[PDB]
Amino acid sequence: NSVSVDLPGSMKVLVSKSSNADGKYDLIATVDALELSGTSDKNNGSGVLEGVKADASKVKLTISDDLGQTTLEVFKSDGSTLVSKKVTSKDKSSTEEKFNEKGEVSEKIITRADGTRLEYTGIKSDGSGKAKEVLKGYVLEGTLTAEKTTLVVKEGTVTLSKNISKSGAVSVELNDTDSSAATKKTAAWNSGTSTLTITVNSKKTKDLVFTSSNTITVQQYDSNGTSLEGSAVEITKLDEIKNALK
């Protein structure tokens, strides 16, 4: 009869056990309450299914050849222009987009495989907009341009800036408008270790590590300013970043 296949994006598709006279397979899926259907060249659950919403919007589900990726699209009732698009990639991260009438993206939500998110809203035709990064325990806020995402934390005269380039590279900088050399913070970025080292009055004070697990840790230097002491502490709330900038 039919075989159930598990899909990225918490979906399932039913594929005929045998092919038809044309050699093709029937596909059936129920997405939320919507029944979708299609025919495919392959026998493993991959291909294209289509349906409509109760409001006549066109729906298409596209399952990549190797079942690695799924794309769920909603269109205008004529199928012409996109309304929304959700793509679940093979690492199980996702991008969910909304589009204006011209088919230009106006919102993009990236959910990384670890559940952290980049939320881009109010996206304009030049690729600029508002940006939020949702971490475990706290959120960072900033803007988006076509060159980079810049997320800002402010504390005293200190501004911490977390940059995420268009290609995805992270870099961090710190600017302090304090001009008293006793208290002013300055900082240097080490791209190899994703580590921002903060200095006050010519002595290192703290290492802020922006990890590959999308967390931030802080570790103090000894009063000699030369070697680290104790062990790094994972930041769990926005106040602890602000504390590190004091």
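Note that residue numbering follows the sequence shown and begins at 1.
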Compare the mean C-alpha B-factor of 195-203 with that of 175-183 as given in the PDB entry, and name the stretch with the higher value.
175-183
Once you work out the mean C-alpha B-factor for both 68-76 and 99-107 from the entry, which is higher?
99-107
Among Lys162, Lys86, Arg117, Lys166, where is the Cα temperature factor highest, going by the PDB entry?
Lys166
Quick tally, chain-level thirds of C-alpha B-factors: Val209 sits in the lowest
Report the third (lowest, middle or highest) to which the CA temperature factor of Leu82 belongs, ranking only the modelled residues of the same chain.
highest
Going by the recorded CA B-factors, say which third of the chain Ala56 sits in, lowest, middle or highest.
highest
So where's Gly142 on the chain's Cα temperature factor ranking, which third?
lowest
By the record's CA B-factor, is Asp26 among the lowest, middle or highest third of residues in the chain?
middle
